[PDB]
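Protein sequence lines, in the order shown, are assigned to chains A and B.
For what it's worth, the numbering used here labels the leading residue of the first sequence as 211, then goes sequentially.
For what it's worth, the numbering used here labels the leading residue of the second sequence as 211, then goes sequentially.
Number of protein chains: 2
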Amino acid sequence: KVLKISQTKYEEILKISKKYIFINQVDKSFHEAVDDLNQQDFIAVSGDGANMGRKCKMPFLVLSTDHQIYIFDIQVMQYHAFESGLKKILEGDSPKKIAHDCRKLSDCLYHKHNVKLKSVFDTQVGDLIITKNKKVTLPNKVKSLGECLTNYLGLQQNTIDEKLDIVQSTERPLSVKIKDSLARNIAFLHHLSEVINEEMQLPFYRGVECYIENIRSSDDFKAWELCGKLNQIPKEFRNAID
Amino acid sequence: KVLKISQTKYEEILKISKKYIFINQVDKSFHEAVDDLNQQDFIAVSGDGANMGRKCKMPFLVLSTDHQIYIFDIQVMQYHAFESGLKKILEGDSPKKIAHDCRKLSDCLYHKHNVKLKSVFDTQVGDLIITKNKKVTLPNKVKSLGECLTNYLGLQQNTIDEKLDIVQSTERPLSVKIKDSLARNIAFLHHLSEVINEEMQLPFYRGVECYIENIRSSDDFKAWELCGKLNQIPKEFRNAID
């Protein structure tokens with residue numbers, strides 16, 4: 211069962227988590243960020259800031275590429291940020307938004323920002339599918355972002371700062387501590403998505419490999435036999451997909 | 211449960227099934243076909259011709275793009291066809307080879323043509339995964355190409371010509387009837403693959419949509435409640451993925 215991210219990759223991501231860009235005006239850097247995000251097939255979006263769903267506006271929005279994290283100050287820009295590129299990004303078929311449990315976020319964006327989130331790769335729904343396909347029954351609990359980062363990447367339990375201070379989040383200037391945290395909370399989302407995608411698809415890829423080998427690697431006798439029994443699934447196959 | 215291909219698309223494919231190109235010398239048209247095939251992310255390869263696995267050489271090999279079917283006369287060209295592009299195509303990470311039950315084909319290509327088939331999207335392994343994820347238990351029988359074409363596209367039962375005449379297959383000139391048949395047998399492989407891919411992935415895509423809607427479309431009261439119970443899977447979710 212054991213799945214741990216490489217050191218090298220960890221370090222790459224940790225660098226990126228410190229290299230965030232904070233944007234609080236519709237300016238040069240805002241358009242550079244919107245261009246950057248629009249150049250990607252996949253971007254990521256954090257749930258941080260929409261923990262109250264429709265009850266409450268977002269004070270910030272965190273979006274990333276693979277290579278660069280962006281923190282948009284929504285409290286300051288308000289609808290002007292959405293209307294200058296962010297609503298299009300979020301509502302569009304492309305780019306896909308990677309998210310972990312986007313339920314509150316969908317809710318918040320629609321009713322408070324007039325943004326109909328669409329086209330999403332949801333790592334929490336991913337974990338559910340992987341669990342359902344493995345252990346046959348789907349579980350009753352879902353897994354937080356932190357638990358997934360632990361089970362899929364081997365990161366320590368409390369990497370995610372799950373209780374951002376509601377009052378400091380609305381205070382300005384926004385603290386470095388909050389920012390560093392928002393950046394850390396999003397920074398692994400890409401790689402997690404890419405591990406979870408792989409695990410969802412593995413039973414298929416492994417099944418195909420089992421097919422490519424099943425006859426080709428047998429000795430002549432068993433090869434012949436197996437050609438007579440093609441309507442059956444290979445004996446190894448149940449095994450290979452688990 | 212009901213899945214039927216569109217008329218329009220059927221007709222497009224039926225046209226293509228008549229527009230095949232027969233290649234029996236390493237010439238201009240052979241290199242044009244190898245370039246064509248190398249330009250694609252996905253090509254298809256038929257099991258026709260390798261029904262005896264290692265016991266017997268391939269008299270022809272059928273490969274296609276989306277837009278063009280190719281029939282390579284292996285009996286005539288022998289190892290010269292593989293060495294001038296086909297072995298690279300078949301052995302490579304890319305393009306992916308779409309196939310239906312590639313077991314005998316893997317076997318035949320390795321032991322008789324010295325070709326290590328690799329990187330495959332196997333529609334039969336696809337059907338198994340779809341069945342396993344739907345009905346929890348994987349079945350004991352596999353489905354032929356024809357049965358899949360029936361269940362996924364609604365094509366009639368006997369579209370596939372499953373018993374090509376072994377003796378006429380080795381006779382030259384190769385009959386038009388055989389050729390028309392080889393082309394017909396491969397012609398739907400692309401679209402089948404693309405329907406089967408979709409069905410394998412649908413439980414995920416549907417799960418994500420259920421998440422995007424679950425809170426956002428509730429009235430205020432239920433919205434609030436659901437924000438308290440996030441550790442649980444949405445009630446609709448089991449439903450949505452089936």
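Think of the CB as a built atom: it goes at the ideal place given N, C-alpha and C, for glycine as much as any other residue.
Helix, strand or coil at residue i [DSSP, three-state]
i: A/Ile215; result: coil
i: A/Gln288; result: coil
i: A/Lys306; result: strand
i: A/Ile443; result: coil
i: A/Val377; result: helix
i: B/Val236; result: coil
i: B/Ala254; result: strand
i: B/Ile339; result: helix
i: residue 518 of chain A; result: The question about residue 518 of chain A has no answer, for chain A in this structure spans 211 to 452.
i: B/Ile370; result: coil
i: B/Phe431; result: helix
i: B/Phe398; result: coil
i: B/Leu271; result: strand
i: A/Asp452; result: coil
i: A/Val352; result: coil
i: A/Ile281; result: strand
i: B/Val330; result: strand
i: B/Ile231; result: strand
i: A/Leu296; result: helix
i: B/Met410; result: helix
i: B/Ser385; result: coil
i: A/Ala260; result: coil
i: B/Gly417; result: helix
i: A/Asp390; result: helix
i: B/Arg426; result: coil
Pick from the options that is closest to residue i, judged by C-alpha positions
i: A/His321; options: B/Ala450, B/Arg426, B/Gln442; result: B/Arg426
i: A/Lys267; options: A/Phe252, A/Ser256, A/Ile281, A/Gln285; result: A/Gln285
i: B/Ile422; options: A/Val255, A/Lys306, A/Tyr220, A/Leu315; result: A/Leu315
i: B/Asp390; options: B/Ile281, B/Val405, B/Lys298; result: B/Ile281
i: B/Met287; options: B/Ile231, B/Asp237, B/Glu372, B/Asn407; result: B/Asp237
i: B/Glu419; options: A/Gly438, A/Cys312, A/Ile340, A/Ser428; result: A/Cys312
i: B/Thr347; options: A/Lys342, A/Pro349, A/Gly263; result: A/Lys342
i: B/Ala397; options: B/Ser256, B/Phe240, B/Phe232, B/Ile215; result: B/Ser256
i: A/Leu402; options: A/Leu359, A/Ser385, A/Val386, A/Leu338; result: A/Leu359
i: B/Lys445; options: A/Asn350, A/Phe240, A/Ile231; result: A/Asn350
i: B/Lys265; options: A/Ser428, A/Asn441, A/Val352, A/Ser239; result: A/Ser428
i: A/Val405; options: A/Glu293, A/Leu319, A/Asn361; result: A/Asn361
i: A/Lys373; options: A/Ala243, A/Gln217, A/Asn261; result: A/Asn261
i: A/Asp246; options: A/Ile215, A/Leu412, A/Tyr220, A/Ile299; result: A/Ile299
i: B/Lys219; options: B/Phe414, B/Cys437, B/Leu399, B/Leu440; result: B/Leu399
i: A/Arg382; options: A/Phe232, A/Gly438, A/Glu221; result: A/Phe232
i: A/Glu408; options: A/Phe331, A/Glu435, A/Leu319; result: A/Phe331
Cβ distance (whole Å) where residue i is taken to contact residue j below 8 Å
i: A/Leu271; j: A/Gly259; result: 6 Å
i: A/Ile279; j: A/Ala393; result: 5 Å
i: B/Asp283; j: B/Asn234; result: 4 Å
i: B/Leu224; j: B/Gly364; result: The Cβ separation is near 14 Å, so there is no contact.
i: B/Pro269; j: B/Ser379; result: 5 Å
i: B/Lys307; j: B/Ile340; result: That belief does not hold up - the Cβ atoms of B/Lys307 and B/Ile340 are roughly 20 Å apart, past 8 Å.
i: A/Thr333; j: A/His310; result: 5 Å
i: A/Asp317; j: A/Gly263; result: 4 Å
i: A/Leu355; j: A/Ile370; result: 5 Å
i: A/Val377; j: A/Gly295; result: Incorrect: roughly 29 Å between the Cβ atoms, too far for contact.
Nonlocal neighbours in the same chain, by C-beta distance under 8 Å from residue i, ignoring five residues either side
i: A/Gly417; result: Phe447, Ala450, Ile451
i: B/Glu301; result: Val325, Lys326, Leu327, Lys328
i: A/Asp375; result: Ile388
i: A/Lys344; result: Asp452
i: A/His277; result: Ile226
i: residue 462 of chain A; result: Nothing about residue 462 of chain A can be read from this structure; chain A reaches only from 211 to 452.
Closer than 6 Å: residue i CB and nearest the ligand COA heavy atom
i: A/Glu446; result: Because no ligand of any kind appears in the structure shown, any question about the ligand COA cannot be addressed here.
6 Å CB neighbourhood of residue i in its chain, flanking five on each side removed
i: residue 453 of chain A; result: The displayed coordinates of chain A run from 211 to 452. Any statement about residue 453 of chain A would go beyond what the structure contains.
i: A/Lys297; result: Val325
i: B/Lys353; result: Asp337
i: A/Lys229; result: none
Nonlocal neighbours in the same chain, by C-beta distance under 7 Å from residue i, ignoring five residues either side
i: A/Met410; result: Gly336, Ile339, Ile340
i: B/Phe292; result: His323, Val325
i: A/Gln367; result: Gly356, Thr360
Exercise for the section: Could you name the residues of the stretch 273-307 of chain A whose beta carbon sits closer than 7 Å to any beta carbon of chain B, in the order they occur along the chain? Expected result: none
Handout entry: Residues, ordered as in the chain, of the stretch 334-346 of chain A that lie near chain B by beta-carbon distance below 9 Å
Key = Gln334, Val335, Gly336, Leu338, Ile339, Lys342, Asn343, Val346
Exercise for the section: Identify each residue in the stretch 253-273 of chain B for which the Cβ-Cβ distance to at least one residue of chain A is less than 8 Å, and report them in chain order. Expected result: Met262, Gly263, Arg264, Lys265
Practice task
For the stretch 307-318 of chain B, enumerate the residues whose C-beta is nearer than 8 Å to any C-beta of chain A, in chain order.
Solution key: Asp311, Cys312, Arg313, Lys314, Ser316, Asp317
Practice task
Could you name the residues of the stretch 395-428 of chain B whose beta carbon sits closer than 7 Å to any beta carbon of chain A, in the order they occur along the chain?
Solution key: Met410, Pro413, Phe414, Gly417, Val418, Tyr421, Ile422, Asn424, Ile425, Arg426
Exercise for the section: Mind checking the stretch 432-449 of chain A against chain B and listing, in chain order, the residues whose C-beta falls within less than 9 Å of any C-beta there? Expected result: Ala433, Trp434, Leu436, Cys437, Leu440, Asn441, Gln442, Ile443, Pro444, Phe447, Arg448
Practice task
Please list the residues of the stretch 353-380 of chain A that have a C-beta atom closer than 7 Å to any C-beta atom in chain B, keeping them in chain order.
Solution key: none
Handout entry: Residues from the stretch 218-248 of chain A in contact with chain B, defined by Cβ distance under 9 Å
Key = none
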